[PDB]
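Undergrad:
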Amino acid sequence: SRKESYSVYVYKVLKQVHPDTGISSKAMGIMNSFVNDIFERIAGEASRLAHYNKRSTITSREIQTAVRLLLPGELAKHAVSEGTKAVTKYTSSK
Amino acid sequence: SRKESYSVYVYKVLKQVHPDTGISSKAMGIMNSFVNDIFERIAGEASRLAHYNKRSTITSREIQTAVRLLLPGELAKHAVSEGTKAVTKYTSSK
Amino acid sequence: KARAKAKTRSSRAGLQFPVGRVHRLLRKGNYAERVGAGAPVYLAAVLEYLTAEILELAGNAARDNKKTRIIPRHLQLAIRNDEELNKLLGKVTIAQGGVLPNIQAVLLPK
Amino acid sequence: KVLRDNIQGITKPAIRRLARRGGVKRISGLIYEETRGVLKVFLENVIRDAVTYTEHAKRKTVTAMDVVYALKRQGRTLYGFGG
Amino acid sequence: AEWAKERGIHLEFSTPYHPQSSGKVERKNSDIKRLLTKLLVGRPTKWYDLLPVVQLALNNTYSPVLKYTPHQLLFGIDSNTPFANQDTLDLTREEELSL
DNA sequence: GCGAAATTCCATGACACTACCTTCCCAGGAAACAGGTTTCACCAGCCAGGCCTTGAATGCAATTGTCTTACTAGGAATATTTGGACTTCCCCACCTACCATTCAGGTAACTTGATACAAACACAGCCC
DNA sequence: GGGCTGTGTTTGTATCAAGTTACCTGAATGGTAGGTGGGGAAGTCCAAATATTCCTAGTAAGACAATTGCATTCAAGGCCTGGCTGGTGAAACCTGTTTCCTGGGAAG
DNA sequence: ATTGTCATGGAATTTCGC
DNA sequence: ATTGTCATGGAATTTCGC
Ligand SMILES: [Mg+2]
């Protein structure tokens, strides 16, 4: 049937910073399974952040704390500020 | 307010195999926090067993597999058979 | 009007750890949406076997050092004396315990 | 509040006494500048993970379950204080 | 209130659950959200850029039933704005204060 | 005709899918905590002397590393044969959602009870 | 032969916990109705495991050569131990303040 | 190829008594 | 110990031309 994936959304990032670059099949699955794992670390730490503060709600604040825990040092400085651009751009729209 | 605990249910096990034995306050909290941790290992592996087999249901089969993973060797032989007694006794009742 | 005698589900299975309290910690912990009626029974038994097996071993070390009550040193020492109990808690620090008595038998005096 | 020279608070016998609990007979004099380094690495990976919990609930006090939640994150569980 | 007693501010509060009591501010908030609405058509709402515009675009809108600028009724003469009156430049400022 | 009583009139407002969210208040108490004083005892810092462990220099012995050859088995390609995971369709029992009822537990209090710690004198085990 | 530190045995009280309960509410149970989820039985197709040979590559082995590893001796440095001094850490005391701490409440 | 409304209390109105 | 409001387009109104 249908296997959902993140394979298509890699070519929309691979062709942003290296537009003359292909990527193999068996290397797609790593960047596929990199996403699904780094998804449920951030979600599965934001999930356990909901119980620790007695709320049933995953806000966009709780994903920010569950990225300042998993990412160390200098990735935790960029991937926070690479999200709050994509939210402030999002909320000024619609 | 109310802090739920497993402290009372230790005296109902401490006075089963050592009926002439007390237990201190700061040693209760270890056997308190032993329970809450060994709770969410078994639940939090039975939880992730629900997604791996695409069911929304925690059965009493899934707790049995999430005890044969966390407990090693000879504890995994007893704590399985110390549960299926307490289920077969339970289901023949009611 | 009145109703029947409320028989607790911990007494209907022969356990000591509750099943009423475990069954609301499988529906307020977001583990899944449906929780079977037999699952907090089966889980309160496995919480009850492993609570004995430490305190069985924690009773002996209290007795072997002439103590009435079990202080955490005994819980420190009941764990890591048993092999298979240690492999469960291999990553786990127990507070206020110290370690087992151990010398590598090379540091013995000459 | 600022109080410096307190990585030097881990004194010379109190690293030797920790060495004796590990089962160590003879030590060098250059572990003392190694232990204080490996210790402050371990507290810059717990307090950095503890404060992000306490800031998240907008608390000003890093409470007892916070540190246990930080040690839950690294895979070194601490019993006895809750959590 | 403890800051307000320093300045000589007489605080005045409306009757509760009665937004009609605060008169003009509920009107100009229907002006600010009809100026910033009109500027921001067809773009992302970056309205923090357009706030120095609003207290210069609304403050030089003629009251169409009073026929004056907010600038003239506050100060007395226009600043260097587009389409500013020269009809007051035929007068003396030392005497048009009491005009 | 006035008053009392029985009646018709009409101006109006609220119903439209609703909860959160923010900031300040209140509050009681308590949480300890951050702040600070106080004192005594102890643990850390100091320095040197003796000895033991480490490092180095070494000679040598076998261990190990390389070369070469006969070869065994691994892999691949094949056909096929066989063993099953998941998609499929349907029904029932089981979990849930609910209220009322009641029981049990947690807090809390007053008492009791029991053990561990601190101290002192002596004993035993191991080492110089 | 002697000595030192660890160890043990006995007592008293303070503290900690064990005890029993009072209530009161929270939660835990009982009885039910409903739907849904899952469990079960099936089938075509699917993926892996096998029986085969064939060839080839590297595995296995026998020989040899030289370095390394080991064991000893040498030389001294570094560290352990202890006799000493004192500066701080901790325990006991007091509190005001600050923060929380859910919880309730008002208002836009 | 669609559209307010209608319960509700002063208050005005009518009945009507003799 | 407080209270609507005011921009805005038909539409009515006034000016006024000669
Ligand atoms: Mg407002």
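Just so you know, the sequences run in chain order D, H, G, B and K. Just add 28 to wherever you are in the first sequence, counting from 1, and you've got PDB author numbering. Just add 28 to wherever you are in the second sequence, counting from 1, and you've got PDB author numbering. Just add 8 to wherever you are in the third sequence, counting from 1, and you've got PDB author numbering. Just add 19 to wherever you are in the fourth sequence, counting from 1, and you've got PDB author numbering. Just add 195 to wherever you are in the fifth sequence, counting from 1, and you've got PDB author numbering. For every residue, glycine included, the Cβ atom is placed at its ideal position computed from N, Cα and C.
#1: Output the residue ranges of the alpha helix (DSSP H) runs that lie fully inside the region 86–117 of chain D and measure 4 residues or longer, sorted by chain position.
#2: Rank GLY44/G, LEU116/G, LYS15/G, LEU83/G by C-alpha distance to the C-alpha of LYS122/H and give the top, closest one.
#3: My output table needs one value for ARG45/B: the three-state DSSP class, helix, strand or coil.
#4: Does residue 9/H come out as helix, strand or coil in the three-state DSSP assignment?
#5: Can you have a look at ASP68/B and say buried or exposed, based on whether 16 or more other CB atoms are within 10 angstroms of its CB?
#6: Please indicate yes or no: does the CB of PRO277/K lie closer than 8 Å to some heavy atom of ligand 1?
#7: Less than 9 Å between CB atoms is the rule here; does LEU58/G satisfy it with respect to chain H?
#8: Does the structure place the region 82–93 of chain D close enough to the region 81–90 of chain B that three or more beta carbon pairs sit under 8 Å?
#9: Can you pull out the residues from the region 93–110 of chain D whose beta carbon lies closer than 7 Å to at least one beta carbon of chain B?
#10: Note down, in chain order, every chain H residue with its Cβ under 7 Å from the Cβ of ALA40/G.
#11: Going by beta-carbon coordinates alone, are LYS75/G and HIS82/G separated by less than 9 Å?
#12: For ligand 1, is there any heavy atom lying closer than 8 Å to the beta carbon of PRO265/K?
#13: Anything in the region 237–261 of chain K with a Cβ closer than 8 Å to a Cβ of chain D? List those residues in chain order, please.
#14: In chain order, what residues of the region 33–55 of chain B put their CB closer than 7 Å to some CB of chain G?
#15: So, is the C-beta of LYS117/D closer than 9 Å to a C-beta in chain K?
#16: Counting only the same chain and skipping the five closest in sequence on each side, list residues whose C-beta sits under 8 Å from that of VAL108/D.
#17: Return no unless some Cβ of chain H is closer than 9 Å to the Cβ of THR82/B.
#18: Ligand 1 heavy atoms versus the CB of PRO214/K: any closer than 8 Å?
#19: Rounded to whole angstroms, how far is the Cβ of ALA53/G from the Cβ of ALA114/H, which I believe are closer than 8 Å?
#20: Under 9 Å, Cβ to Cβ, is there at least one residue of chain G near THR96/B?
#21: Indicate the three-state DSSP secondary structure (helix, strand or coil) for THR54/B in the structure shown.
TA: To lay it out plainly:
#1: 90–96, 103–109
#2: On the second sequence, position 94 is the one that residue 122/H refers to. Of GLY44/G, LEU116/G, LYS15/G, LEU83/G, the residue nearest in Cα terms is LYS15/G.
#3: Here residue 45/B corresponds to residue number 26 of the fourth sequence, with the count starting at 1. Looking at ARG45/B - three-state DSSP - the assignment turns out to be coil, as it is neither helix nor strand.
#4: Within the shown structure, residues of chain H are numbered from 29 to 122, placing residue 9/H beyond reach of any answer.
#5: Walking along the fourth sequence from the start, residue 68/B turns up at place 49. Buried, since its Cβ has 16 or more Cβ neighbours within 10 Å.
#6: Start at 1 with the first residue of the fifth sequence, and residue 277/K comes out as number 82. No, since every heavy atom of ligand 1 falls outside the 8 Å radius drawn around the Cβ of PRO277/K.
#7: As a position in the third sequence, residue 58/G is number 50, starting the count at 1. Yes, because at least one Cβ of chain H sits closer than 9 Å to the Cβ of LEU58/G.
#8: no
#9: The residues in question are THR93, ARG96, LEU97.
#10: Indexing the third sequence from 1 puts residue 40/G at position 32. What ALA40/G touches in chain H: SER75, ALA78, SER84, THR85, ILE86.
#11: The residue you call residue 75/G lines up with position 67 of the third sequence. The residue you call residue 82/G lines up with position 74 of the third sequence. Cβ distance < 9 Å, so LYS75/G and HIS82/G count as in contact.
#12: Here the question's residue 265/K lines up with position 70 in the fifth sequence. Flag unset: Cβ of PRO265/K not near ligand 1.
#13: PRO239, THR240, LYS241
#14: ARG40, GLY42, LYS44
#15: Position 89 of the first sequence, counting from 1, holds the residue named residue 117/D. Closer than 9 Å: yes.
#16: By 1-based counting over the first sequence, the position of residue 108/D is 80. These residues qualify, in order along the chain: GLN92, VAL95, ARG96.
#17: On the fourth sequence, residue 82/B is found 63 positions in, with the first residue counted as 1. Interface annotation, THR82/B: not in contact with chain H, CB-CB separation never under 9 Å.
#18: By one-based count along the fifth sequence, residue 214/K stands at place 19. It does: the Cβ of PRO214/K is within 8 Å (strictly closer) of some heavy atom of ligand 1.
#19: Stepping through the third sequence from its first residue, residue 53/G is reached at position 45. Stepping through the second sequence from its first residue, residue 114/H is reached at position 86. Yes, they are in contact, since the Cβ atoms of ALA53/G and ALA114/H sit about 4 Å apart, within 8 Å.
#20: The residue given as residue 96/B occupies position 77 in the fourth sequence. Taking Cβ atoms only, chain G reaches closer than 9 Å to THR96/B, which makes this a yes.
#21: Translated into positions along the fourth sequence, residue 54/B becomes position 35. It is helical.
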